[PDB]
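First up is the structure itself, then whatever we jot down about it.
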Amino acid sequence: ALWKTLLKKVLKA
Ligand SMILES: *C(=O)CCCCCCCCCCCN
């Protein structure tokens with residue numbers, strides 16, 4: 001619900 005785009009590579013950022 002809009003999270004995979006939060007750790008797209010920034011390891012949760
Ligand atoms: C999409 O969101 C799939 C995984 C769930 C992550 C969100 C947790 C719910 C609590 C509020 C934080 C913002 N969605």
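Identifiers for the structure tokens are assigned positionally: chains receive A, B, ... in sequence, residues are indexed from 1 per chain, and ligands are indexed from 1 in the order shown.
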
- Message: Please return as JSON, numbers by chain the residues found within 12 Å of ligand 1, counting only C-alpha atoms and all ligand atoms.
- Response: {"A": [1, 2, 3, 4, 5, 6, 7, 12]}
